[PDB]
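J.: Take this structure, written in structure tokens, and hold onto it; I'll ask about it next.
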Amino acid sequence: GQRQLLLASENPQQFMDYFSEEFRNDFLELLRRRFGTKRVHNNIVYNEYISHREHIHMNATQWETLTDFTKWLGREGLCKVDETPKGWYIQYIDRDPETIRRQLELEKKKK
């Protein structure tokens with residue numbers, strides 16, 4: 001019971017305040033500027049999102065499946081969700097469209 005190592009790098013359902021804020025702030029902004037409102041797969045948006053500073057995996061959340069992240073994010077009025085034989089596809093909600101179109105066109109000139 002000695003040579004177990006352990007390391008202590010567990011418990012992702014308690015860092016939902018930090019990881020859901022850093023993941024939904026950059027993911028919901030990246031989803032809004034780079035995509036607009038499109039039916040697109042969240043793992044394509046996640047793998048797109050983490051190529052920047054923000055390198056988080058879905059597994060860092062309190063959502064044990066992507067389905068539960070789609071159950072939570074879909075619930076806030078930010079995303080619309082559907083399931084196919086090829087995955088989990090989300091169509092995002094165009095919030096304030098002048099924010100969506102200013103993300104899309106203008107925010108590209110500075111960031």
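Chain labels A, B, ... are given in the sequence in which chains occur in the structure tokens; within each chain residues are numbered consecutively from 1, and ligands are likewise numbered from 1 in the order shown.
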Skipping near chain neighbours, those fewer than 6 positions away, what residues fall within 9 Å of residue 94 (chain A) using only C-alpha atoms, listed as a VMD selection string?

T.: chain A and resid 32 36 to 37 78 to 79 100

J.: Using the selection just defined, write its residues with N, CA and C atoms as a PDB file, in the first residue's frame.

T.:
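Once everything was written out, this is part.pdb:
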ATOM      1  N   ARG A  32     -19.014  32.347 -31.450  1.00  0.00           N
ATOM      2  CA  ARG A  32     -19.704  33.504 -31.961  1.00  0.00           C
ATOM      3  C   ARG A  32     -19.020  34.268 -33.105  1.00  0.00           C
ATOM      4  N   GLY A  36     -20.591  32.142 -35.975  1.00  0.00           N
ATOM      5  CA  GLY A  36     -21.915  32.766 -36.096  1.00  0.00           C
ATOM      6  C   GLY A  36     -22.956  31.889 -35.527  1.00  0.00           C
ATOM      7  N   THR A  37     -23.949  31.412 -36.309  1.00  0.00           N
ATOM      8  CA  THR A  37     -24.818  30.374 -35.793  1.00  0.00           C
ATOM      9  C   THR A  37     -24.830  29.356 -36.920  1.00  0.00           C
ATOM     10  N   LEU A  78     -27.766  29.972 -25.302  1.00  0.00           N
ATOM     11  CA  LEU A  78     -26.565  30.207 -26.094  1.00  0.00           C
ATOM     12  C   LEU A  78     -26.495  29.221 -27.197  1.00  0.00           C
ATOM     13  N   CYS A  79     -26.929  27.965 -26.987  1.00  0.00           N
ATOM     14  CA  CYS A  79     -26.902  26.919 -28.004  1.00  0.00           C
ATOM     15  C   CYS A  79     -28.196  26.122 -28.195  1.00  0.00           C
ATOM     16  N   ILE A 100     -22.758  39.233 -32.846  1.00  0.00           N
ATOM     17  CA  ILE A 100     -22.462  38.086 -33.740  1.00  0.00           C
ATOM     18  C   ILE A 100     -21.818  38.566 -35.021  1.00  0.00           C
TER      19      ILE A 100
END

J.: Could you give me, as a VMD selection string, the residues within 12 Å of region 45-55 of chain A, counting only C-alpha atoms and dropping anything in the same chain fewer than 2 positions from it?

T.: chain A and resid 18 to 36 38 to 43 57 to 60 66 69 88 to 92

J.: Restricting the calculation to only C-alpha atoms, which member of A:110, A:56, A:71, A:62 is positioned closest to residue 13 (chain A)?

T.: A:62

J.: Which of these, A:44, A:85, A:61, A:104, has the shortest distance to residue 10 (chain A) once you count only C-alpha atoms?

T.: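 Using only C-alpha atoms, residue 10 (chain A) sits closest to A:61.
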
J.: Please identify the helix (DSSP H, G or I) residues within chain A (assignment by DSSP from backbone atoms) and present them as a PyMOL selection string.

T.: chain A and resi 12-14+16-34+42-49+58-60+66-73+97-104

J.: Where in region 2-88 of chain A does DSSP assign strand (DSSP E or B), given as a ChimeraX atom specification?

T.: /A:39-41,79-84,87-88

J.: Could you write out the selected residues, including N, CA and C atoms, as a tab-separated table (two decimals), in the first residue's frame?

T.:
chain	number	residue	atom	x	y	z
A	39	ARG	N	-24.87	24.79	-37.48
A	39	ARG	CA	-24.91	23.44	-36.95
A	39	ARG	C	-23.52	22.80	-37.16
A	40	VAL	N	-22.78	22.63	-36.06
A	40	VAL	CA	-21.36	22.28	-36.04
A	40	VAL	C	-21.14	21.38	-34.85
A	41	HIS	N	-20.09	20.52	-34.88
A	41	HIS	CA	-19.77	19.56	-33.83
A	41	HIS	C	-18.87	20.18	-32.78
A	79	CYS	N	-26.93	27.97	-26.99
A	79	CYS	CA	-26.90	26.92	-28.00
A	79	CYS	C	-28.20	26.12	-28.19
A	80	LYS	N	-28.40	25.58	-29.42
A	80	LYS	CA	-29.45	24.66	-29.84
A	80	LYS	C	-28.74	23.34	-30.12
A	81	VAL	N	-29.34	22.16	-29.84
A	81	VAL	CA	-28.65	20.88	-29.97
A	81	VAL	C	-29.49	19.82	-30.65
A	82	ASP	N	-28.79	18.95	-31.43
A	82	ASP	CA	-29.35	17.76	-32.10
A	82	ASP	C	-28.32	16.63	-32.12
A	83	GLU	N	-28.77	15.34	-32.16
A	83	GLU	CA	-27.89	14.18	-32.23
A	83	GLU	C	-28.21	13.35	-33.47
A	84	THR	N	-27.11	12.88	-34.13
A	84	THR	CA	-27.06	12.12	-35.36
A	84	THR	C	-26.30	10.85	-35.15
A	87	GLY	N	-22.37	11.92	-34.35
A	87	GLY	CA	-22.01	12.76	-33.20
A	87	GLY	C	-23.08	13.64	-32.62
A	88	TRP	N	-22.60	14.66	-31.86
A	88	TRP	CA	-23.36	15.72	-31.20
A	88	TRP	C	-23.06	17.03	-31.95

J.: State, in Å with one decimal place, the distance from CA of residue 73 (chain A) to CA of residue 105 (chain A).

T.: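 Computed distance, CA of residue 73 (chain A) to CA of residue 105 (chain A), equals 24.7 Å.
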
J.: If I take CA of residue 103 (chain A) and CA of residue 76 (chain A), how far is one from the other in Å, to one decimal?

T.: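 It comes out at 19.9 Å.
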